[PDB]
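Below you'll find only one chain, the form deposited in one PDB entry, shown as structure tokens.
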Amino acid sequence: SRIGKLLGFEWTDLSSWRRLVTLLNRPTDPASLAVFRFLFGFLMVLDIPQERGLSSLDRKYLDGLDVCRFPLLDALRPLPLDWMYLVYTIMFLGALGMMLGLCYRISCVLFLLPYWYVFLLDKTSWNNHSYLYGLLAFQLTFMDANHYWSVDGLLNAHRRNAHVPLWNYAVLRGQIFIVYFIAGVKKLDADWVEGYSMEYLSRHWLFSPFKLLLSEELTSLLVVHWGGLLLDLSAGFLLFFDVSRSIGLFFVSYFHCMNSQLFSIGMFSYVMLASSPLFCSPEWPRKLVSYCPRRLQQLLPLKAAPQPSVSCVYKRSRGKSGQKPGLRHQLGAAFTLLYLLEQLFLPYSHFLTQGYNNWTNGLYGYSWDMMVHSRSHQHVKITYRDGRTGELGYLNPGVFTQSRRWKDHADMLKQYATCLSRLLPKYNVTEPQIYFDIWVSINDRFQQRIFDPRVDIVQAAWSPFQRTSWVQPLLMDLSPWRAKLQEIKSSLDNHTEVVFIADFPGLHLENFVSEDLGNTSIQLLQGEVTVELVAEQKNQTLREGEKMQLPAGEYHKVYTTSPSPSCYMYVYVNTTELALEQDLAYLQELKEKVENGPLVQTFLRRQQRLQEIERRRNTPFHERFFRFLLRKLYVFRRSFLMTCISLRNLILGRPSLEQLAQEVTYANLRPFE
């Protein structure tokens, strides 16, 4: 029975529905499930005031404000501020009850409902760890994790040290193997394999030991990219099998400890570091008290054997033939199978929802593609035309918004355009027509337009199941230019800057060179373009190789005439900046020489900033720890006081504006500074 030892079951158990139902309801020890439940509840309680935004609710949902919001459905609307505070209080109470084990099911539902309401409220706050938290809560709702180490067993002698069915562990293990597998099968994209996604991450001081035997570019290519891909692909297989459990445990622990320091992703690292002992035997907490001293073995509950439970089906050779499974067992097995199948299918569902497919497939948040695509934005321009007088005006990019993610998605752009159309008449404007002009470069590519600048987005057509028509395709046959682009960028001085631009045929770019931008020029790399000077009306044609100098403080237009896309570049110098720095350096040198035998203020304040940085470097870590603890305490206290204020207002009523001002001023006292 080698396969029976490797997998824990036999092939004959899967030959019938009855046998599978019996196998999936096998009795199991509940200790690991209890430990994971406690840790997850504690982490959620710590996370609610920080990342979910309980300490910024007054700023975000201030009553009577002109804000554009981006919900998944426009039928979903937020409530007043006090009801937001009530919803967050209910979610916090549910998380606390889930952690303690007191009223497990009610607390699970109380955490689950408002969390998903808040999640669906805004599309601009979706990431992968929030989705994972929602999924874990949904799974834990249907399990019985209060059968060990819980308050629910103290006031009920029927759920204390009882068996649990096997699928309770199978569902969680299957989930943690989809995170790591579907995350390294998405890192088999040419930009991750070639080493373009995270090129500057190897400069961290945590990678210094690797530099003793590898070069910097080799460290970036091998350790960061290929090592990460291999770990993601093989972690689940390493953890599942007991022959290689220790090595896999050490590797994933080191990986998550590194990721907790490199990035700022909330509690993702700590959550996935507590979900890896759910692959070890379900009795590890029971065995871990046998190594602690026997002096401390008396205050903990006596380690007895688990007591029978009605949740799991019992099949014994001598202990009767067995009972026919009821509805509970069949429902559990069906839930396990269907949930795992749907979780496998969902990340590859992008061929159905074609309306959410931009340059990158789908909405961000549920596909397990972390740190693969990076974006850089060069210029954003919003222009509206009055529908009555025909006047042309320009709006400040991102006026009534609280995020910046609307620049990459067509649905968010449509929502923003509709919000602006509804809000503009309040500022003495008739019905507007709004056009957008956004330049984006993805993974160190040429900058190009992502949306058509000739299309009025207010009257455009968008559907969830239809491919958008006004989205410009990514110029994929220009990536092999990146080596030459990097060489050109490196072969520069300490004062010049370079911008790379690729333009579609039939469109033109209008630019206004600032006064301080003396000595600016345009050089053509491919195709053919014509440059027109607005002041002195004349066209000039360019060929591959030549360059032309442009004046300062004047409008110039670049027209693309080649049948194929053409690319050029900009070289400009800040004459005022270099003159200021050179005169500052000359004056500082002269003053230093004189002493030893507002520009000065700027130099002195920069020196003061450098001195503060070096003093913080020299000082030990305990002051930093004290400051970090003080900031966390301040945020917790502020959230608690505002929640109490809003709860009092809801229960009794608004006392007076003066008292409200006094309590609000009290709530931001900064306890110790």
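Just so we're on the same page, rigid core means the largest C-alpha set that superposes within 1.5 Å between forms. Residue numbers run from 1 along the displayed sequence.
The protein also exists as the form deposited in another entry; that form is not presented, and the subsequent description refers to it.
The residue among 527, 153, 285, 71 whose Cα moves by 2 angstroms or more between this form and the one not shown, once the core is superposed, is 527.
The rigid-core alignment places the CA of residue 308 less than 2 Å apart between this form and the one not shown.
In the core-superposed comparison between this form and the one not shown, residue 338 has its Cα shifted by less than 2 Å.
With the core held fixed between this form and the one not shown, residue 482 has its Cα displaced by at least 2 Å.
Relative to the shown form, the Cα atoms of residue 374 and residue 410 move together by 3 Å or more in the other entry.
Relative to this conformation, an increase of 3 Å or more in the Cα-Cα distance between residue 319 and residue 169 is found in the other entry.
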